[PDB]
């Protein structure tokens, strides 16, 4: 069972039913808090508003010992299970201890000058290396676990988690990775080498990107881009914390995947 529930992001209805059930509730006219304070104080965070603000919530809430469940606003998401009409019924089951866990790992991207960290961001979806101004070709060397792997001339590079594999990565031709796979995918953006193909590596591996000495940036989950100045390199690795995501007992990842991508669900 859970003690303290946070509501983050029906919004009026949720608070009232939870109070009536005996739970301490903290919300973003009444205990209130910042997202990080809710992460700190609550055992369960209910996020309102589909995959969109769940993404923003996720990066902070991943830092805490807190379970996270999302209530979408009508249509299926990968991170948001509850439909508003069935919300209370399912949330009731979850509160009784009846739920599925789906830990989602995150990426940490550092811009480094030798050993000095200059900039840092995190991503639940992807990190994208790209030029300052788009469609212009760039060159980079990829090192995996500090060993030279290959170089590339391209529009850039997408490094995606399993969570991110159905997002931008998928639109760039990447493979789908099941949500808890211990893997990271590197997906080139329009490579000059026609034999280039997405590469899937162990999520325990580190990726170092190096650049010519003579305007590059990285974007993490489409947050504001981090500049990469001359002589700097990028280090990407798995974060040492994950998003504790939970789902109702009738959750089926493959049902969600097939439904969102328009795959056949026909039986003979």
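Numbering follows the first chain given and starts at 1.
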property	result
Missing residues, deposited sequence, between residue 9 and residue 10 (class: none, 1 to 3, 4 to 9, 10 or more)	4 to 9
Greater mean Cα temperature factor according to the PDB record, 99-107 or 168-176	99-107
Residue stretch of maximal mean CA temperature factor, 151-159 vs 113-121	113-121
Selection by C-alpha B-factor (highest) of 76, 127, 144, 186	76
Entry-reported Cα temperature factor of residue 213, expressed as the chain third it lands in	highest
Entry-reported Cα temperature factor of residue 23, expressed as the chain third it lands in	highest
Chain thirds of CA B-factor: placement of residue 84	highest
Third of the chain's Cα B-factor distribution that residue 194 belongs to, per the entry	lowest
For residue 17, the third of its chain into which the C-alpha B factor falls	highest
